[PDB]
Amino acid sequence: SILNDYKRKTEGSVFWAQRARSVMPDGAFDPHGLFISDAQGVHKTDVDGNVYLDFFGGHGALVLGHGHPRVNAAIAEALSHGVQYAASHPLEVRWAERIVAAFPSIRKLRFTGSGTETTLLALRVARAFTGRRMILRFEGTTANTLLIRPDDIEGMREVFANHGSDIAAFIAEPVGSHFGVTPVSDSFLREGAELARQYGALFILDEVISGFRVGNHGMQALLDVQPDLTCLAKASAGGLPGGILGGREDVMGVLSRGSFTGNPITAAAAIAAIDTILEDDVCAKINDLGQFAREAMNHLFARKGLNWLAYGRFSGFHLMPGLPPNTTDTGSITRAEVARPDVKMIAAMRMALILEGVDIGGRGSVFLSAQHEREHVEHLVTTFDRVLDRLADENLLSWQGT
């Protein structure tokens, strides 16, 4: 069986998982996950010595792949100077300069400890600057949060005509939750930005994943919107830990007056990464490769007679079992009208893929990087063809609908 074959290939990982289990709550994955000891480029090696073609390590932070050389040279150069904390360090200033240069909306910024502290600070800046108490967000302490469903234009027009004057900010992630697992349309963000401005709310755009991945000026430049604050991290921090909140002067003015300057090691990675993304036309390449992978996956599913869809944008895709591969409108996903995929089936898919020497993320998500080539996508497609046959061998595929 897939499960037993997976246990035999990964006994080294089962060993460390037991040690983990005595110190860490419990569990994403069902049997046990993979313990990695090495990675370079698009490949990673587990404790058993098995090598895998990787489509997801870093959750998008590694736009340039594992351990790019210029990133590593910059990090070692910085470490040899021995400043790990920094009061104020030239590198941190040079990094901020690239950010302000990429995002026309960002005139001033403050560096933070991560993506999560970024969107939490943003919410406090928004509050303080407006005087207001409510935050609007999307679905999937709380008496201060308004929820709106993605793509519900008219339910949003309502929220603002009903609580509008008490909304500090509308915060949204473009493309959708987890870079589009749950899609949201651009035109809904563009509407939310206009509505925020018209009711005196700020618009916060969370470009933690979009930043330096979808384009050299962010998603905001693609959407042709000018958010009041932008949250960045991941690729905009060169893969290393840390976050950035940037924005207009007025709003950003609330900070550092009434109502952390940066880690030099992360700063050196970022400067190296941002420069190599811009120089090597990385965004354009991985947006091409993502389109290619989406089409190739959809052709695969049609050919094999399966009602599964590969969807998403830019340098990614996500899988939805239960929809025909020629689906163009993902409205059924954004509204949660598709059946949840069987969790056993997903787990077997993930183990099967690993048995073939391939690894993807979550419930069938991929992120492509600069060091992926067409050949790696073709390998993914080939390996999926076999994984889908093993799933059907164990009766884990439902060909119906709902």
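Throughout, we count residues from 1 along the sequence that is shown.
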property	result
Where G27 meets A28 in the shown sequence, the number of deposited residues left unmodelled	4 to 9
Where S259 meets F260 in the shown sequence, the number of deposited residues left unmodelled	4 to 9
Which of 186 to 194 and 269 to 277 has higher mean CA B factor, as the PDB entry lists it	186 to 194
Of 211 to 219 and 165 to 173, the stretch whose C-alpha atoms average the higher B-factor in the entry	165 to 173
Deposited CA B-factor, highest of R110, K234, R127, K304	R127
Candidate set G49, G33, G357, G361 [ranked by C-alpha B-factor, highest]	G33
Third assignment of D54 from its chain's C-alpha B-factors	lowest
Third of the chain, ranked by Cα B-factor, where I286 sits	lowest
Ranked C-alpha temperature factor of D206 among modelled chain residues, by third	lowest
For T119, the third of its chain into which the C-alpha B factor falls	highest
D228 - which third its CA temperature factor falls in, relative to the rest of the chain	middle
